[PDB]
Every structure is written in C-alpha cells, then in structure tokens.
Amino acid sequence: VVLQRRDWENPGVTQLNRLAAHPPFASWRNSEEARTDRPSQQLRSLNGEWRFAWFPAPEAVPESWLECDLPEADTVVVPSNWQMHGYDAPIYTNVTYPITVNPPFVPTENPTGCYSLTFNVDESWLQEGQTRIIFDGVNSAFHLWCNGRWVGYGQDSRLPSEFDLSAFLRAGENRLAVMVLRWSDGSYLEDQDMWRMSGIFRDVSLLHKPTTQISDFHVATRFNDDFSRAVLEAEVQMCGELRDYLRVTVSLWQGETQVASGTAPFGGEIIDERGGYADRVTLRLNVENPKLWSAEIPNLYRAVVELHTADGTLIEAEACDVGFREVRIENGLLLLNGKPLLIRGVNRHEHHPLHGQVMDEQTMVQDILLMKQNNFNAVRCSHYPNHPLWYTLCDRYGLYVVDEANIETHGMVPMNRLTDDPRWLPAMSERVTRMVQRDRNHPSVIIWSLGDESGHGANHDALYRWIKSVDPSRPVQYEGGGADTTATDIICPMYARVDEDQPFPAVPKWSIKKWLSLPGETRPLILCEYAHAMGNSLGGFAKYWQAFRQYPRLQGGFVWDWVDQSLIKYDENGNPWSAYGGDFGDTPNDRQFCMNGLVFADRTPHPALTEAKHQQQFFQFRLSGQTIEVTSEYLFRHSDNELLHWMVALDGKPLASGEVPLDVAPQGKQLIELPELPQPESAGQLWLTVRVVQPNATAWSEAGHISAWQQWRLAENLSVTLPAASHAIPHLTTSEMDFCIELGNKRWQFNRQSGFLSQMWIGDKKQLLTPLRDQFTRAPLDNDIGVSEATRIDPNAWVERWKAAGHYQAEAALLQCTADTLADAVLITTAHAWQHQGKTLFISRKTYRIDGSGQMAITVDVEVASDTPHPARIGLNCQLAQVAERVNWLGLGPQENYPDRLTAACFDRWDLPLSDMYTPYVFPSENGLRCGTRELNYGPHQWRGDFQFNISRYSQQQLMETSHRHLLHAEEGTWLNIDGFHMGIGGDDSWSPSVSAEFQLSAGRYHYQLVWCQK
Amino acid sequence: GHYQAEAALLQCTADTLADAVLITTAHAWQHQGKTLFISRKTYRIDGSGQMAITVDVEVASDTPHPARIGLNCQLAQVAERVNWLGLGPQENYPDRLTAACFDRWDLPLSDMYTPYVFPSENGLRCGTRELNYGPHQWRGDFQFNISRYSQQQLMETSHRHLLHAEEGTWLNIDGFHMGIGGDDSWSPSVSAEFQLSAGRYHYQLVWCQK
Ligand SMILES: CC(C)S[C@@H]1O[C@H](CO)[C@H](O)[C@H](O)[C@H]1O
Ligand SMILES: [Mg+2]
Ligand SMILES: [Mg+2]
Ligand code: NA
Ligand code: NA
Ligand code: NA
Ligand code: NA
Ligand code: NA
C-alpha cells in the first residue's frame, strides 16, 4: 500500500493520521510545575542514539526492517542531517531546483533514510490517557511504523508532525521505524536558498495527555488607549467526554505573584443558529497597569491553564509566557504599544557548520546575544518556521520576530506557477495554518509572513485573508510579485535601493523613498531583505540608516543575513576547513552564494558586523560648540544603564577625558556641556570621541559593554614651522641601467629600463622583494564578481568590465625617467602609460624627492581614460622583505574599513598584530583595507600622507587566483598596497553592480602624495 | 579673517635642473595667530617657455570652508576677445553648470562680466582646459573669470553703474570654487557637496605665450 500509493508524489496528500497542530504542550499534572516552566514527567525526549541505514530509493528498503533491526545499520545521533554523517552529499543551489522540475514527481533515485529506535514506555502511560509521538522536523517527508505496524505519514520539513501511538505501544520495549524521503512533492514548496539536506533534524519526543484534555488554547491581550488597562482573553478547547463537573481555570502570574484568575465550566457563547461550542470556553482577566512587553524591556507574565473538576482535582495543566503588547498599523506606521518601531533586523537561517541544520540551545543563545550586542532588535525566520525554542528565547531576551511559512517556489517558471494553481492550495494552506496554530501565543512574533519568493498567486490572497480573519493581532506581509501586492500589509521589498530605481518590468524595485509616495500608496515600508552581506560587503549601509531615520514610514529592514552557510570538511592533515557550494561534488551548485553572513559559520564577526552595530545605534549625537546633544531612539526605556565616556586626543595622543551619567527619556534629549579644554601643545588635529557604556551586566551583555559611539573633528592647528634643515646631502650615482641615491647607510635604486624603484638598502640589507609599482586593480570581491562565471560571463559585472578593458593585464610602458640634483635633495621624475591593445588606460606621472633626512617624498598624478571602466584603486604596491609582528597606524580603525563602509571606524592610533590586518573571507578577495590613514608603521618603515592601505602576507594575485582561504600560503615578506584612492565595495545586492556613483573612481585625474622614511 | 588674512612667507627657493629652473614657495595665511590656509607651490620654467605651476593648499578644518581656492593677478593687457576650451558660453558655477556645454568659445571681454545690479563675484566659467587672452595661454583643469573689475571693487560697490574699469585686466583662476546656492537667499543654501571642505587641494596650471 505504502509503496503503491506513492504519497510523496501527490500534493493532495500532505499527511496521513497526523494530529491537529497546537501551541507547545507539556501536560503537567502539577500546577506549580506548569507555573515555573519546569520539566514535565509527561514530556519525554527521544533524542540520542538511534539506528540508521541509507538506501538509494524507497523500493530498496527491505520489509524485514519493519520488524527487526538491520544488521548493516549504524548507531547515529538524532536529531541529525544524514549528509552531516557522510551518507550522501549536501547540495547547494540557490534558485534552480535540485531536482528536475516536473511537479508533482521526484527522481526515482530518491535517497531514503531508514531510522529506528528501541525504547521503553512506562506501564502507567498505557494504563490511562493518550501517548503521542512528536517529530519537530523531518526533511522532507516520512512514513512511521510502531512495533511493525503502520501509523502515518507527514510532509512540511519545518513544523512538528504528531501521531497517536496509544494503540501501537506495549509496556517495556517498543521499536519505531521511520522511513524518511529526501525528495517529495513537498520539495516543490521548499526551494529556499540554502543547503539541501534531509533527515530527522529536530527533536523527537513523547507526550502523555489525559483522555480528557486541553486540545488547544489561544491567548489574546487587548488594551485601552494609554495601555494602563488590559484584558487577557484565553480561549480553551477540550477533547474527551464533556461533563458538567469539568472546569477551566486560567491564572496569570507576574513572577511569584498571581495577579488575576478566572474559572468557568465548558460551554461557549452562541455562535450561530445551531448554538455554540460546548467543547470550548473563554476566560477574560482584567489587568491594571500591565508591564508591557517590547524588545527594549521583555516583561513577561505566565499564564497557567488548568483543566480540573469542580471539587478541585487537577486533570492537567498547560502554560505559556505572555507578553502584553499591541501590534497595529495606523496612518501608515507599524506601531508597537502605540509607538512607531524602527526595525534593526536581520534574516537568520538555522545553520551550524558541523551539525548542518540541527539547532541547539547554546547556538541559539549565542546568536541572540551577538544580535542584541550589535544593536539588532528583530529577526526574520528566513524562510520557514523555526525550532520551537527559538521563540521562547526571543520572548525572554526581547527580539521582534517575523514568523514565516515554509513556502518557497523560486525555481518555478514563472515564479507563481504553483501558488496561482488551486491544486496546490491545500499543501500551501497547511504550511500557513499549522504555523499560526503553533506559534500564535508567542509575544515575540509580531508579524506573519506567507513565505518567500513564490511570485504572487491567488493562493496567497486566500491565505492572507485566512490569517487576517483568524489572528487580527498581527500584520501579514509577503514580498512576492513586487512587494506591494494585495497580499501584504507592509511594503516589504528585497534589495530595493535608497535613491536608485530599478524599474524591472512587472516587478519594479523602486527607490524606497520614492516607493512610499507612489500615487495611492499609504503603507509602511520595511525591507524583508537588504544589504547583502556577501564577503567584503555592506558598502552603503549608512545610506539606508540615514533614510530610515529621516522618513517616518521607512521603518527599517532585515539584513541578509546573519550567518555564513559554510560547512566543515577535513583535509589530509585532518584539519577542518570551510566549504561552500560544489565542495561536496554537488552539481549544479551556486558556489559561494551560500555565504552571505554578518558572522562566519563559527559566529566570529565579519568586519561588516561593526558597521551594522554603529548604524543601528539607539543614541544619536550632535555637537554644537562645547555642547553634546544626546537623543534617545528608545521608545519605552529610560537610559538607566548608560554613561557617556568622552575623550579628546591630538593625533592619537590623549589630551582630556571624562564620564557623564546618561539620564534620557525614551525619544528625549540630554545636553552635555564639555569643560573648557586645555590648549594643545603642538600642531595637529584634535578629535573628540564619545562612547555610551553600560556599567551593569544584563541578560544579554557584560558590564562595560559599549552600545554606541561617535567622533568629531575639533580644532586643527596647521603646522607652519619648518623642521631644522639636515646637514647631510644625498648623492646621485648615474649609470646606464640605474639611478642610485646614497645617504650614509641608506641607498635607493631606480631602474632606468622599468622606471620604478626596484630596491632599497638600509645598510647591506635589502628592503624590497618586488619593485614599487602603480596598481589599478584589486582581487575581485564577491560584489565585483556577481553571478559571472567562466562558463557564463556576465559582461555587466565590475570584474568582467575590468577584464575586458585589459586592466588585469595592462603593461607599464615607460615614457620618461630623469634625475636631477637639487641644493638639498635628489629628484627622480617618471612617467608611465598602461596600455591594452593600442589603448592607453592610465598614465602615471611621479616625482621622488630624497633629502638629507633620508625621507623620500613621492608625488603621484594619475590620468584615467574617461571611456575605460572606473578602476578599482589608484595606488602603489610592493613586496617588502620584512616580516614584522605589529602594524601601527594613525587613521581609521581598528577594523577593516572601505570608503562606503567606514562610518563605524574611528580615527585614532591603532596597533595590531599583522594577522589582524588580514580578513579571512572564506572566498578570498581584496581585504583588510584601512582608510583615512595619515601615518603607517611597519618594522623599520614609516609612510606618511593621506591614504588607504592594506598589508598582508598575500599578494593580490594569489588572492584572486585562490578560491578557498584554507589554500592560501603566506608568501615571502609582506605585501603592501598603499592607495591614494579606492573604489567602494557596494553590496545593495551581489548580482548586479551596486557601488554608488560617489564611490566610483570617475574623476579622471587623481593626485596623492606620500613620504616614505624610517620612523 | 578670510578677507583680512595676510600671506606670511615660509619658504622661497630656486634650483637649476637639466632643462628647467624650479622655484619652490610656501605661504601661511593667518588671522590673530590662527593659520587659516597654507599654500605650497612649484613653478617649473622649461626650455619651451612654458611655466608649470603646481599648487597644494591646506585648509584648517575648523575654518569656515573658503569661497575659492585659486590665483589672481592684474594683467597689463586689455584685449578685445576671450577664447576658451571649457564650459560655456555663458556664466556657470559648479552648482549651476548643467546648461553649459564643453566646446571652444570666443566672446568679447565685456560678455565675460555679468552686470548684476548689486555687484558680486560673477562671470565664472568652469571645466576649462585652456584659456587664451591676448598673448597669454593658460592650460589645466580650472574655473576662471576675467574682467576689468577687481574682486575688491566688486565687493565695495553696491550698484553696477558706480563701477569703473581698472587699468588692465583682472584674472581669477581657480582650481576650486564654492557653489552659489539659491534654495533661498536668507540662510546658507550651498549644498554640502559644493562646499570646499576636503582640507587638502591640488591643482596645476601651465602659463605660456602663444
Ligand atoms: C541571485 C538573485 C537572482 S536571487 C537572490 O539570491 C540571494 C543570494 O544570496 C538571496 O537568496 C536572495 O534572497 C535572492 O533574492
Ligand atoms: Mg504528498
Ligand atoms: Mg530564493
Ligand atoms: Na523611519
Ligand atoms: Na545565499
Ligand atoms: Na544611566
Ligand atoms: Na579569490
Ligand atoms: Na557689492
């Protein structure tokens, strides 16, 4: 029957014998246990060691497996994805389905995971009541047997499937058999951009419920106009025999204090001409001055639902955390507790580099702590309902949640092919309805989403209305079909730009500022995805935040995304390395597109994380004379754990500092008068840095946590006094091939054939391994590459424009190399042209002035042909012979920063180990740049000027030729790139050019100057 | 003190190269002990009679952004025509130059002055790579105005009919010029991107006779 019906190739069959969905149950038989959320004796975990065998197709599964352990099976940990155990390959594909698009059929070769468990059941569980099994997540479809007998079937990889095992179990030892199919008709609705894995990847548990039981309960909280009064309404449903002596009590607790209680027999109010629900009752509790829930202050109450008899005998209790909050859209603004939210959000996939798609509490906690520490207040469940514990943690730690249905059909042509088809309405409805039934009591969930990237079909409209009808307490959003359809309360585009329209036919992405004011449009706009953080990215992040702050109806967005989806593989030395698409023999694949995170897979931050934290600050600052104005962007909390630290420094040298307690009301202002600052000793620029410091530890942060900062230039005293003229004078030695300059122990060598400084000597020690030459290219970032590949070039991508113009292979042709002796210096003058097939791309004109103090002043003037694509950089590079431990600089830092991603960086004196000046992006590229640098120190060398630089053991050549960071090898010496100018990195998306015009090197003529000396 | 700041000489040196003379200068402009601007220059005069002037200016970050960064002089020459390769033919400023076209323009000198009834800075042309006036040619990438009225006279005279032609011709050649604004005329209206706030500025001119 099972192999004959092929339920996994029929979208009409999404389950067999599956129980109704409901909120989290534990069936406590003690009310105090329910109140305190202590473990329940009636809820057992079946996680641990199971038996597992892999088969290529369900037809290959032997019948004996139903009754007897297979001797060829292995003992494996559950929950798990079987790809993470090495049984077959995980597949990384973005849009294109991993299977032939032929709905509702899947491949005949359909990897089949045969799980089994021998376990014990207490006799008391079978003597009364109902024993069910709960599978929180099975990917993608499964049949279940118990003691050899068939129980049921389930689809939807991201919601729990529950089955009554009461009739199947015996006292003592029992054996479960679970046949998990990798592919099913459900796979057509699970085309999310992520690793395609399978298995029993979430918790398995057993729940005992009494025969007479709470089968569902819904908790609603409504408020008066100023939120000083609330009514809690709890609808409770039962199954079992109705008796007049049955009662429901709902009690509400604030900590140890019961604040309200109500008791009633079953029997709901009249609904229609046939009466009401005899199996339901609704309790209403008054609450004066409720403590309100927000991400700022996650006040929670506990609601306990007791099923009992009139004489007082408890039958069972269920419970949940209650957060008193109202979510509503009014006058085009999303309001929480009457105040307009500013969503500092991120999209978060459930990903672990070792365990795949199996989530654990420790990883979830680490994510939430890192999010809150970096000024995020919201998370989108991209693109499926999460592990149940996620919502509990968001309730308790305080994050706003977008809960999203497990529906994505991105690879269909057109995208709405299934979602507009009524044949698929049943399968889609269950993914929406069962999510709402599970998650509706969680205060952290503020918005429902209909799924992701499935076009706009009539099924979306039906399901949109279904939610609006069942749950009026939360807006519904959905991006498909152009982000502003009739199926969304919120304009929720993905990667719409701040100022630039992208008028794609049918589904345009308007500038977000322009989108708001389109004729007739009144809704709020919150980007469901923006700032694609792929590799070296988040260029232009500050532009979004400026606009979010300026425009009331631009209420923020969710960054794409939290964590890189890299996976651990092991090399010959057994060393773990980070793997992406294709590294498992998976083909077709989408290579490094699985890595878009603000953090590495192990939760180490990318440099971009600090840019997000700074732009998402909850305190804004202005300076006027001696006065600092601090504005709070909190809606509910006073600044009761904040002090402002201020510091004034002269080019990195501290001059004065101080502390002032912050006492600011939500949305209020505080004026801080800085004391009269002493006059600086010498020339230079004074800089003011302020930081907001949290003195006290919280649930989400340590004592001394920095939550906000800002810098200003104060007074500058320009240096007018000439240094004392040195007595030494450099000597020019002219030969046919070289111009040499000597000054005591030091010597400079300019090759007359090449026109470059080819060597320098301090004593008899050589300083260079490669000559000092102009550089106009970079190892291409992911944003430079986009979707371009060797097999399918995207001629519009930055990397391809540079390649085709000859930027990477242009040869320096010497035009001029002269030497002159000045009164106190030797002057070398050079001119080079870079050409590709008869075309002059760049001209570089330089002077090198070496004086008696041993300083070499370099002046560079570059011409760039207006009709060549704007170059990635205008600078100099060389390979130094020196390898030194430390890098010391006066400039923006301490972390990596680029021209369109440097707002988080501060100007100061920074000192780091050399390894910190390299950013280990899994896909290697130009990295580690620091901008606005006036002084750089490395070993015996000092460079002064106004430049950007990176410094590492890897050439640009090696970085661009190496696909994986673990394959990089430190070269001899140290590669130095010093740029007068550097192009933006972009990142509004990573599939089209995204570097804004103002960060492109289009001026045509460029000037910079450096001084190279010994410090 | 921008209007009253006096140039203090910091350096003036002359060197002889293989085929050129190199004059190096540095100046500081101060007001009550505060250094507003520093100007460092080289003048390189070669065998072909061309003088290459390289200018590097520092502007104190806490001084209000300057109206221009350039050179001026009063020429002895009064010529009938002004010929230039740059934006024109009409007066244009960095935040009002979209209507102007890059081409070869040739106008009578009087057309290079705009007779605003209340006199002010006027007649600038931007994006100019070559200017010709009598025997003189200047080349580079600059903005310029040219007339018989000094900036000093224009600012001291409240009506255009009270202006008098001065001896010779006043040339203002700017590497950089501030926007004119106009969103209104009762509060500062020059947009941030047209203010001279970069702190360090570089431009080059070649002066020669043709
Ligand atoms: C590459 C685009 C055509 S689709 C684009 O791909 C991204 C890659 O990380 C994300 O998955 C986005 O959600 C998706 O819109
Ligand atoms: Mg099916
Ligand atoms: Mg997708
Ligand atoms: Na806003
Ligand atoms: Na991706
Ligand atoms: Na405080
Ligand atoms: Na690379
Ligand atoms: Na005047």
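Residues numbered from 1 in each chain as written, not as in the entry; some residues may be left out. Chains lettered and ligands numbered in written order. Part of a larger assembly, values for the part shown. Heavy atoms only, no water.

1. A look at the overall build of chain B
Of regular secondary structure, chain B possesses 1 helix and 11 strands. The helix and strand sequence of chain B, counted from the amino end, reads β-β-β-β-β-β-β-β-β-α-β-β. Against the compact-globule benchmark of 17 Å for 210 residues, chain B has a radius of gyration of 18 Å, which places it among compact chains. Reported as C-alpha extents along the three principal axes, the dimensions of chain B are approximately 50 × 45 × 30 Å. When the 210 residues of chain B are sorted by exposure, 43% land in the buried category. (Helix = DSSP H or I, 4+ residues; strand = E, 2+ residues; numbered from the N terminus. Rg over C-alpha atoms; globule rule 2.2 N^0.38 Å. Buried < 20%, exposed > 50% of the residue type's maximum accessible area, 1.4 Å probe, protein only.)

2. Structural notes on the coordination of the magnesium ion (ligand 3)
Residue and element names in this part refer to chain A. Coordination of the magnesium ion (ligand 3) by the protein comes from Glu408 (OE), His410 (ND1) and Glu453 (OE), over a distance range of 2.1 to 2.4 Å. In primary-sequence terms, the residues that donate to the magnesium ion (ligand 3) follow E-x1-H-x42-E. You can see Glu408 sitting in the loop between β30 (400-404) and α6 (425-439) and its partner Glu453 sitting in the loop between β31 (445-449) and α7 (458-470), a full 45 residues away along the chain. In terms of burial, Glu408 and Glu453 fall into one category: buried. (Donors = N, O, S within 2.8 Å, 3.2 Å for Na, K, Ca; no water.)

3. With respect to the nonpolar core
Residues and elements named next belong to chain A. Core analysis: the largest hydrophobic core is formed by 90 residues, its most contacted members being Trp562 and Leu598. Each of domain 1 (1-210) and domain 3 (326-616) gives at least three residues to this core. Look past the residues within four positions of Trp562 in its chain and what remains in contact with it is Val346, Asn347, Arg348, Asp367, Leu370, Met371, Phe376, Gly597, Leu598, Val599 and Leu609. (Core = buried A, V, L, I, M, F, W, Y, C linked by side-chain atoms within 4.5 Å. Domains from an automatic or database assignment. Contact = heavy atoms within 4.5 Å.)

4. Notes on the UniProt feature "active site" in chain A
Residue and element names in this part refer to chain A. Residues annotated in UniProt with the feature "active site" correspond here to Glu453 and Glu529. Across 77 residues in sequence, these annotated residues keep their C-alpha atoms within 11.5 Å of one another, forming a single compact spot. Residue classification places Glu453 among the buried residues on the basis of a relative accessible area of 15%. The contacts of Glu453, once residues within four sequence positions are left out, are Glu408, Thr409, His410, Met415, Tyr478, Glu479 and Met494. Positionally, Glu529 belongs in strand β33 (residues 525-530). (UniProt positions renumbered as here; feature names shortened; annotations may be inferred.)

5. Quick look at the packing of helix α9 (residues 541-550) of chain A against helix α10 (residues 608-615) of chain A
All names here are of chain A. Following both chains from N to C, one finds α9 and α10 inclined at 15 degrees, their axes separated by 10 Å at the closest point. In terms of orientation, α9 and α10 fall into the roughly parallel class. You can see that α9 and α10 cross each other, and the crossing is right-handed. For the pair α9 and α10, contact is made by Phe541, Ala542, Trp545 and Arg549 and by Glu611, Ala612 and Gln615, respectively. (Axes fitted to C-alpha atoms, helices over the stretch in contact; angles between N-to-C directions. Parallel < 35°, antiparallel > 145°, perpendicular 65-115°, else oblique. Left-handed = near helix turned anticlockwise from the far one by under 90°.)

6. Here's the deal with the interface of chain A and chain B
Counting residues at the interface gives 21 residues for chain A and 22 residues for chain B. Taken as a group, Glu716(A), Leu718(A) and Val720(A) account for 35% of the area that chain A buries against chain B, more than any other trio of residues on that side. At the boundary of chain A and chain B, one finds 2 salt bridges. Between chain A and chain B we count 11 residue pairs in polar contact in total. Sorting the residues of the side of chain A that touches chain B by element identifies β43 (705-717), β50 (811-821) and β60 (1005-1014) of chain A as the ones contributing at least two each. For the side of chain A that touches chain B, the element with the most residues is β43(A), which contributes 5 residues. For the side of chain A that touches chain B, a count of residues per class yields 8 nonpolar, 6 polar and 7 charged. (Buried area = accessible area lost by both parts, 1.4 Å probe. Salt bridge = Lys/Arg side-chain N within 4 Å of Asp/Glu carboxyl O. Polar contact = N/O pair within 3.5 Å; in protein donor to acceptor, adjacent residues only side chain to side chain. Nonpolar A, V, L, I, M, F, W, Y, C, P; charged D, E, K, R; others polar.)

7. Regarding the pattern of salt bridges
Residue and element names in this part refer to chain A. Taken as a whole, this structure holds 70 salt bridges over all chains when the rule is applied. Note that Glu318 and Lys209 form a salt bridge whose closest N and O atoms lie 2.8 Å from each other. Here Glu318, found in strand β24 (residues 314-322), pairs with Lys209, found in strand β15 (residues 204-209); they are 109 residues apart in sequence, far enough to count as distant. Residue classification places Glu318 among the buried positions, given a relative accessible area of 0%. Residue classification places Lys209 among the buried residues on the basis of a relative accessible area of 0%. When the shortest N-O distance is used, the salt bridge between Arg497 and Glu500 registers 3.1 Å. Relative accessible area serves as the criterion here: at 41%, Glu500 is assigned to the partly exposed category.

8. Here we look at the pairing of strand β6 (residues 81-88) of chain B
In regular strands, side chains alternate between the two faces of the sheet. Residues and elements named next belong to chain B. Buried residues dominate β6, accounting for 6 of its 8 residues. Here 8 bridges tie β6 to strand β7 (residues 101-108), and the two strands are oriented antiparallel to one another. Note on β7: the bridge partner recorded for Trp84 is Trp105. Where β6 meets strand β8 (residues 125-133), 3 bridges bridge the pair, whose relative direction is antiparallel. Directly across from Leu85, in β8, lies its bridge partner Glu130. (Pairing = 2+ DSSP bridges.)

9. Considering the packing of aromatic side chains
By convention here, two paired aromatic rings are described through the distance between centres and the angle between planes. All names here are of chain A. Scanning the entire structure with this criterion turns up 44 aromatic pairs over all chains. A ring pair is formed by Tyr92 and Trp195, whose centres lie 5.9 Å apart and whose planes are at 55 degrees; its orientation type is tilted. Taken as a pair, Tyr92 in strand β5 (residues 91-93) and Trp195 in strand β13 (residues 194-196) lie far apart in primary sequence, 103 residues in all. Plain terms: the ring middles of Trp943 and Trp1012 are 5.2 Å apart, the flat faces sit at 55 degrees to each other, and that makes the pair tilted. Of this pair, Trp943 sits in strand β58 (residues 941-952) while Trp1012 sits in strand β60, placing them 69 residues apart in sequence. (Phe/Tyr/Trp six-rings, centres within 6.5 Å; stacked < 30°, edge-to-face > 60°.)

10. Notes on unusual backbone geometry
Residues and elements named next belong to chain A. Along the chain, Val78 connects to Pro79 via a cis peptide bond; the corresponding omega equals 5 degrees. If you trace the backbone, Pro79 turns up in the loop between β4 (74-78) and β5. Each neighbour pair has its own omega, and for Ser382 with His383 the value is -10 degrees, a cis peptide bond. Following the sequence through the fold, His383 ends up in the loop between β29 (378-380) and α5 (388-397).

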